Amino acid sequence: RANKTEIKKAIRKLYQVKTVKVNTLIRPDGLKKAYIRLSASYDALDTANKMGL
Amino acid sequence: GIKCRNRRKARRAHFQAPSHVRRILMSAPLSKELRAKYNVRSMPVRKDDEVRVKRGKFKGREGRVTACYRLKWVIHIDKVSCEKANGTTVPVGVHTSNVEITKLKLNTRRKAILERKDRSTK
Amino acid sequence: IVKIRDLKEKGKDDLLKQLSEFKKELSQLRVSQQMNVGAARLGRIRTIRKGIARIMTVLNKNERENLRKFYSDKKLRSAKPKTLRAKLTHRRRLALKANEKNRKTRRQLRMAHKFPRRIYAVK
Amino acid sequence: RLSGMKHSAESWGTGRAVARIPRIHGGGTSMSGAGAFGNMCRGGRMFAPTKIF
Amino acid sequence: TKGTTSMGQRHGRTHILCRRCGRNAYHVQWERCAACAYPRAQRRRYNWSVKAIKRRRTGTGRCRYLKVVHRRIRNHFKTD
Amino acid sequence: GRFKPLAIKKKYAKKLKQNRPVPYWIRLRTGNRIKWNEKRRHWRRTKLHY
RNA sequence: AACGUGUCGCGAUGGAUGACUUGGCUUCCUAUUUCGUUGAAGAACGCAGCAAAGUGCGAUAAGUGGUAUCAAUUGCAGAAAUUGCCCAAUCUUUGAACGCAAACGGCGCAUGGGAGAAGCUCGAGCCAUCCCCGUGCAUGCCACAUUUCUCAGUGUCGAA
RNA sequence: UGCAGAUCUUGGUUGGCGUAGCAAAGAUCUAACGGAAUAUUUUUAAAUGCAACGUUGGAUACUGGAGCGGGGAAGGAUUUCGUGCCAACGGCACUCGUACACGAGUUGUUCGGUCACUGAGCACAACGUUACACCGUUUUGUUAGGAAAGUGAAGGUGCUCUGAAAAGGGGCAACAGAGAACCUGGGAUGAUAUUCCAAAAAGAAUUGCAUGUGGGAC
RNA sequence: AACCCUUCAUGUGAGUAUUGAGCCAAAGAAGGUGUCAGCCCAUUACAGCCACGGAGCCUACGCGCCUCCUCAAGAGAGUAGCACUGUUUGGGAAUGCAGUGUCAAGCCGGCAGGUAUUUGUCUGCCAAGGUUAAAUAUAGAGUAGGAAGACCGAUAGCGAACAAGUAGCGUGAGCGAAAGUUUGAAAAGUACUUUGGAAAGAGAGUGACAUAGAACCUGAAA
RNA sequence: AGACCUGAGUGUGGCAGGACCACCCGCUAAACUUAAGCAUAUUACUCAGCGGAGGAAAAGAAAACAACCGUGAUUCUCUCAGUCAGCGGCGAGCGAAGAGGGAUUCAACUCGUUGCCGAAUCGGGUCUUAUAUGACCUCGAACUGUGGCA
Ligand SMILES: [K+]
Ligand SMILES: [K+]
Ligand SMILES: [K+]
Ligand SMILES: [Mg+2]
Ligand SMILES: [Mg+2]
Ligand SMILES: [Mg+2]
Ligand SMILES: [Mg+2]
Ligand SMILES: [Mg+2]
Ligand SMILES: [Mg+2]
Ligand SMILES: [Mg+2]
Ligand SMILES: [Mg+2]
Ligand SMILES: [Mg+2]
Ligand SMILES: [Mg+2]
Ligand SMILES: [Mg+2]
Ligand SMILES: [Mg+2]
Ligand SMILES: [Mg+2]
Ligand SMILES: [Mg+2]
Ligand SMILES: [Mg+2]
Ligand SMILES: [Mg+2]
Ligand SMILES: [Mg+2]
Ligand SMILES: [Mg+2]
Ligand SMILES: [Mg+2]
Ligand SMILES: [Mg+2]
Ligand SMILES: [Mg+2]
Ligand SMILES: [Mg+2]
Ligand SMILES: [Mg+2]
Ligand SMILES: [Mg+2]
Ligand SMILES: [Mg+2]
Ligand SMILES: [Mg+2]
Ligand SMILES: [Mg+2]
Ligand SMILES: [Mg+2]
Ligand SMILES: [Mg+2]
Ligand SMILES: [Mg+2]
Ligand SMILES: [Mg+2]
Ligand SMILES: [Mg+2]
Ligand code: NA
Ligand code: NA
Ligand code: NA
Ligand code: NA
Ligand SMILES: [Zn+2]
C-alpha cells in the first residue's frame with residue numbers, strides 16, 4: 001500500500017542515504033518490490049555490507 | 001467426574017481431556033515406605049521421579065522418569081529402551097498405572113500438595 | 001524480557017524510546033532470516049514481538065485512564081466519546097432505568113401508605 | 001421426517017432404456033442420475049417411517 | 001449448427017464477482033446480484049428453498065462479535 | 001490479456017500460493033491423517049474463471 | 001494330438017461378513033439465557049522457525065493482560081512455560097454502510113498533526129510545491145436555540 | 001424379521017477379444033555424440049539382443065506473405081525462464097514436454113486507464129401510487145406545488161463590510177468516438193523494456209507545479 | 001506339527017483368567033490400564049472447605065443517620081344502526097368484517113336474550129380511549145449446561161463418524177458426492193550382504209504371529 | 001416598527017435503517033386432490049408472497065352467561081361432542097358454545113368526561129456529597145389547559 005514518496009523517505013531515515021530514483025512493481029504473488037538507485041556520493045556495495053549481505 | 005452412565009459421553013471426555021486434566025489422570029501409587037511416611041495413597045507423576053515397573057515386559061525394572069508424554073498417555077524411563085535396526089536406542093513408553101513411585105522430587109508446591117492430601121485426624 | 005511489572009513505573013517518553021529501540025532488532029532479525037542464519041537467532045524473533053506487544057498494552061492503558069479522569073467532570077457527560085462509555089447492548093441502553101420504571105403518582109403513594117401488605121397466619 | 005427426501009429428484013420417463021425410478025439432477029458428482037426417493041434405492045427413504053405417536 | 005458449432009460463438013460473460021456476497025452472480029449489464037440482490041438493502045430469502053437459507057444463515061461464518069457478546073451475557077457483564 | 005483489476009490480481013495470487021504440496025514433517029506428527037493435498041489445481045483441468 | 005470339460009491342494013482379483021464406534025436420531029429438564037450506527041450477520045485479504053488445507057487470531061495477528069492450577073511442548077528445531085476460565089485491551093478491506101463513486105485498492109471539503117535533500121535566518125531553526133496520517137461531513141424524524149440564532153409571506157392586526 | 005427375476009438400486013466381475021480398429025492436412029535419409037536402453041551366447045564373422053529415443057553437421061522435401069510468419073482485444077492465469085527428473089499423463093514412442101520438482105522473472109513525469117468529455121441509455125434524491133416498494137416518472141433544455149445558487153461585478157475600510165448578476169438537485173455509462181508533453185542506440189537479460197543506461201548519464205528533447213537571482217514595468 | 005517310519009532342530013505375548021487366602025463398603029458407578037478389575041488409576045460425599053464477587057435479584061416491604069413526602073351533575077358520534085355489494089362462519093329471513101350511500105338516542109335511554117315484522121312486559125349488562133404477572137407454545141431458532149433410550153451401527157443413522165455444504169457441476173437461480181488412516185501392546189515401520197539404471201528380486205533382522213509390511217484386523221462370492 | 005399565525009436555514013443532543021424468524025401477531029392467498037365425470041362444495045380461511053415483536057407473544061377486568069335453589073376478568077386441560085346442535089348439488093363431506101371436575105390466582109388499575117381549584121405542571125441553569133417527586137431563578141414551553149382533590 002506504500003507509494004514511492006514514502007518509500008524514499010523511509011530509506012533515508014533507516015540507512016542515511018540519498019536516492020535519485022525509485023521504481024516499483026507488484027509481484028504476481030501480491031508482494032511489492034522496489035528498485036532504489038543511490039546517489040554517486042553513496043556506495044550501494046558499502047551500504048549492503050553494512051546491513052549484512 | 002468423567003465416569004457416568006453414558007458410555008459415549010464418558011469416553012469422549014477422557015480422550016479429549018486438556019493437558020491439566022491429563023496430569024491428574026496419569027497418577028501412580030506410592031510405595032509402602034512412602035505411604036507410611038505421608039499417609040497418601042497415590043500422587044500424579046512428574047519428571048525426575050524414581051519409579052519401579054510392576055506390570056508388563058519390564059517387570060521389576062527401576063529408573064528415573066525422563067519425560068511425561070501427556071499427548072501419548074505414557075512416561076519415559078531411563079534404561080528402559082529398545083534398539084532400532086541401525087543401532088540407535090530409543091525410549092519405550094509405559095503407562096503410569098503400571099508402575100509405583102519410590103522416590104519423590106520435592107519442592108514448596110509439592111510439599112503443599114502432600115499436606116493437603118494427608119488423611120489424618122484433628 | 002521487559003516484563004510487565006517493570007514497565008508500570010516508566011513514563012510516556014521512556015516507553016516510546018523503548019518501543020522505537022525494539023523495532024530495530026526485529027528489522028535486523030528479518031534481514032538475517034534471508035541470510036539463513038542459525039536457528040538460535042530465529043528464537044529471538046518471538047521474544048521481540050512479545051516485548052513489543054506488552055509495551056503497546058501499557059501505552060494504551062495509560063492513555064485511557066487519562067481520558068476517563070479528564071471527562072469524569074460533570075456537565076461534560078454529553079461530550080465524552082462513545083468508546084469510553086459502557087457498552088452493554090443495544091436493548092439495555094434504551095430500556096427504562098430504575099429511577100424511571102418505578103415512578104408513581106401522588107395518589108398511588110397515598111394509597112400504598114393507607115393499605116400496606118400484612119402477615120397474618122391462621123388458627 | 002425429512003430423511004432420505006432432501007433431493008430435487010425426478011423420473012426420466014420411458015424411452016431412455018432405464019427403469020422409471022426417480023433420479024437425481026445435476027452432474028459432475030457420481031451421484032447424478034442415481035436412483036432416489038425409493039425404499040429400494042441406496043440413500044433413499046425407508047418404508048413406513050416410524051412416528052412418535 | 002445449434003450444437004457443437006454454436007458453442008464457439010459464446011464470447012463475453014453475463015456475471016462477475018459480487019462485492020457483498022462474493023459469488024459469481026453480479027449481473028454486469030443490469031448491475032445487480034442474482035444471489036443476494038445487492039445493491040438492495042435486504043438480501044434474498046425465500047421459503048421455497050430452505051436448503052439455500054441454511055447455507056447462508058448465522059453460524060455458517062465466523063461470528064466474530066456474537067461470540068464475545070454471548071460470553072458477556074453469560075457472565076452478566078462482570079467488570080472492574 | 002494485459003488488463004485486470006487489482007482485486008482480481010490478488011485473488012489469483014492467493015490461489016497460486018495455495019497450489020503447494022504438503023510439507024514432509026507434517027506426516028510424522030502424532031495422529032496425523034493427511035497424506036497428500038486433495039485441493040491441487042491445474043490450469044488445464046479446472047478453471048477458476050474470475 | 002492339440003483345444004476344450006470336470007474334481008482336489010495352493011495362489012491371484014475383490015472388498016462382503018463379524019467384532020469394534022470421540023457419529024446420528026428421538027424424548028425430558030435447569031438458567032442473573034436472546035444481535036446491530038458504541039457499526040451486526042455475511043464476504044475478502046493476511047498472521048507460526050520450518051505451516052498447503054483445517055483450527056485460532058487481526059499489523060499488539062496459532063496472540064497482549066488478569067486469575068486459578070503447578071512443569072511442560074513435542075515431528076524436528078528452539079528455550080530452561082503450558083492448560084482451564086475471565087474482567088483490561090488490540091481489532092486489516094468491506095457490508096444496513098452513511099462525504100462522492102466503483103470490473104478504479106479512485107476522487108473531495110473543513111480541521112489538527114508528521115516528514116521534508118529547494119529557499120531563507122543565524123550545524124541548528126523557519127520550511128514553498130509534492131507526499132502521509134487522525135477526526136468530522138448521507139437521508140429522515142423528535143427536542144432545544146435557555147447569552148433565547150438568522151429569516152420569508154398583496155396571512156391577521158397594528159404605532160411613528 | 002427370511003429374496004431369483006420389479007427395462008429394480010449401489011459396487012465388483014465378465015464372454016465378445018488381444019477382436020473392431022489407432023487410414024484428411026504429401027516424407028523422410030545419413031554419420032557422430034548422448035542414454036541403463038549394447039556389438040548382452042559356453043550349452044570366427046551371418047544363419048542366437050530385435051525394435052525404438054534426443055542434439056549437431058549434411059541431404060531431401062513442405063508452408064508459399066488471405067503463411068505450421070510478427071504483434072494485440074475477449075477468454076485463460078504462471079502455461080514464461082534455468083536446473084534436475086521419467087512413477088502417472090501427452091489413446092504408438094520418448095532420453096522430449098504446455099508433465100513432475102526446486103528456485104527465478106513483469107521497473108514509466110511522456111505508453112493504456114484515471115485525474116477530466118459527452119452518446120444510445122441507467123436510476124439516487126424529490127413526488128405520487130401500492131394492504132406491502134422489491135412500483136412509476138426522471139434529455140423534446142433537462143427533477144420536484146417547486147423556498148435545492150453558500151458563488152461574489154463595481155464600491156468602502158485596513159495592508160476587511162455592502163452587495164450587481166447568474167432559471168431548471170446529485171451521479172454513472174466508450175481500454176476502437178472526443179483527449180493525450182519522448183525519440184533513436186546499447187556488450188542492458190536465462191527470462192522485461194519507447195519502462196533499464198549516471199558524469200563524456202550513449203545521449204538529444206518536450207511539458208506541470210513551487211521557488212531564488214539578473215533584467216523591464218507597479 | 002500333513003503319504004508312512006526313524007533321526008536332528010524349532011514353537012507358546014501381556015495375568016482384569018484359574019486356585020487358595022484376605023480386606024473395604026453411608027463408597028458395588030457403568031471410564032482408563034497389553035484378556036473378563038470394589039481393593040492399579042481416575043471416580044463415587046457433604047447425611048463439607050477455600051479464593052473472586054462491579055452492577056442485579058432475594059432477606060421483620062434486611063439494618064443505622066441526614067433530607068423529602070405522606071398518614072348536584074356527568075360517563076368516549078360520520079360512532080352504533082340501516083340499504084346495496086363482496087367475503088367469512090356451524091350460525092340457518094343474514095355469525096364477524098370491508099367499501100360506498102344514508103346516518104341516531106340519551107323529560108318514558110342504549111345493547112344482548114340463536115325464525116322475519118309491529119306493539120307491551122321481564123332478565124343481564126353499559127360500546128365507540130389505555131396498562132396488566134401466573135397457569136400455555138417452541139411443528140427444520142439460538143447461548144451455556146445436564147438426564148437419558150427395548151433406536152441406527154459405515155450402501156444404516158443427518159447430505160456430512162474423515163481438511164462436508166468440502167471436491168465437483170451450471171451463464172445463473174441452484175445442484176452436490178465418494179471416503180472408518182480398524183498395522184501392531186509398543187514403530188520395535190526391515191540396519192547390513194548380494195543382482196539390478198531404477199522399480200524391485202534373493203538373503204538377513206524386529207516382533208508371540210510379517211500369509212500383521214504401511215491407507216497393512218477379519219478377508220466371502222462372481 | 002412591532003406583535004401573532006403559517007413556513008424555512010443552520011447549530012447542539014438523540015433515535016430509525018440490517019440480521020434472526022422454530023414458536024407468535026397483521027395482511028395477501030392457490031392448485032394438485034375428493035366428489036368414482038364436474039361448475040357450487042372439498043383440499044383450506046392451508047402452501048408459496050409482504051410486513052412486525054418477545055423470552056414467550058396474543059388475550060384480559062363484562063354494552064358476559066344463563067332462565068337456576070342462579071354464576072362472575074383472561075389463558076390452558078379433561079369433558080361437553082364426531083354431537084338423535086347445526087351447515088351441505090341435504091351429495092361427498094363439514095362442525096362449535098354455556099354448564100361440570102381441575103392448573104393458576106394476597107389481581108387489579110387508569111385517561112377523558114362531571115364538580116371544586118387554576119401553573120401549584122414541564123424543560124433549562126445553580127445549590128444541597130444529589131442531571132433529588134427537594135429549594136431558588138428563568139420577557140423558555142404551557143390558559144386552544146399541564147397538574148391536585150373527589
Ligand atoms: K488477449
Ligand atoms: K494398570
Ligand atoms: K358509520
Ligand atoms: Mg508501474
Ligand atoms: Mg422436499
Ligand atoms: Mg438414509
Ligand atoms: Mg435452442
Ligand atoms: Mg452472437
Ligand atoms: Mg447482455
Ligand atoms: Mg455497463
Ligand atoms: Mg478474466
Ligand atoms: Mg460510501
Ligand atoms: Mg441377494
Ligand atoms: Mg487388427
Ligand atoms: Mg477409420
Ligand atoms: Mg501444395
Ligand atoms: Mg511449394
Ligand atoms: Mg502413450
Ligand atoms: Mg506444473
Ligand atoms: Mg442521454
Ligand atoms: Mg480513443
Ligand atoms: Mg497516456
Ligand atoms: Mg518475450
Ligand atoms: Mg359509555
Ligand atoms: Mg394489551
Ligand atoms: Mg452415509
Ligand atoms: Mg488383511
Ligand atoms: Mg427490521
Ligand atoms: Mg430476536
Ligand atoms: Mg395430497
Ligand atoms: Mg374427480
Ligand atoms: Mg378430471
Ligand atoms: Mg407461509
Ligand atoms: Mg402483552
Ligand atoms: Mg372448513
Ligand atoms: Na498467419
Ligand atoms: Na464517465
Ligand atoms: Na450419503
Ligand atoms: Na378417479
Ligand atoms: Zn451478491
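FYI the Cβ positions are ideal-geometry reconstructions off the backbone, even for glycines, and counts take in every protein chain you see. Only the coordinates and a few stated rules stand behind these numbers; no lab work does.
Below are the figures for this structure:
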{"item": "Entries in C:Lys23/C:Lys82; B:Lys37/B:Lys117; B:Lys3/B:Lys32; B:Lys59/B:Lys117 that, when Cα-Cα distance is taken, lie over 21 Å", "result": "C:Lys23/C:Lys82; B:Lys3/B:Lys32; B:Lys59/B:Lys117"}
{"item": "Ranked F:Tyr24, B:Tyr38, criterion: other C-beta atoms within 10 Å, fewest first", "result": "F:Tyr24, B:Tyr38"}
{"item": "Scattering curve values for the protein assembly as shown, log₁₀ I(q)/I(0), Debye with Cα scatterers, q = 0.06, 0.12, 0.13 Å⁻¹", "result": "-0.70, -1.41, -1.43"}
{"item": "From phi via Karplus (6.51, -1.76, 1.60), per-residue ³J(HN,Hα) for the range E:23-31 in Hz, x at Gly/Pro", "result": "7, 8, 9, 8, 5, 5, 6, 7, 6"}
{"item": "Three-way shape call for the range C:69-112 based on the alpha-carbon gyration tensor, with the a/c threshold at 1.5", "result": "oblate"}
{"item": "Local electrostatic count, A:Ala34, Cβ distance below 10 Å [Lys/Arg +1, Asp/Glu -1]", "result": "+4"}
{"item": "Vicinal HN-Hα couplings computed from phi for the range E:37-54 (Karplus, 6.51 cos²θ - 1.76 cosθ + 1.60; Hz; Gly/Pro x)", "result": "6, 4, x, 5, 5, 7, 9, 7, 7, 10, 7, 7, 9, 6, 5, 5, 4, 5"}
{"item": "Within straight-line cross-link reach of D:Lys6, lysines at Cα separation under 28 Å, skipping those fewer than 8 residues along the same chain", "result": "D:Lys51, E:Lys51, E:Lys54, F:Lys39"}
{"item": "Percentage, to the nearest whole number, of Cα pairs in chain A over 18 Å apart", "result": "35 percent"}
{"item": "Sequence of C:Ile119, C:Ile4, D:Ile21 once ranked by neighbouring C-beta atoms within 10 Å, starting from the fewest", "result": "C:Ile119, C:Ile4, D:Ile21"}
{"item": "Residues B:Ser19, B:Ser27, C:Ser27, sorted so that the one with the fewest Cβ neighbours within 10 Å comes first", "result": "B:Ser19, C:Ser27, B:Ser27"}
{"item": "Partners for B:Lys84 among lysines (Cα-Cα distance below 18 Å; same-chain residues under 8 apart left out)", "result": "B:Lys57"}
{"item": "Non-local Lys pairs in chain A, i.e. 8 or more apart or on different chains, that have alpha carbons under 18 Å apart", "result": "18"}
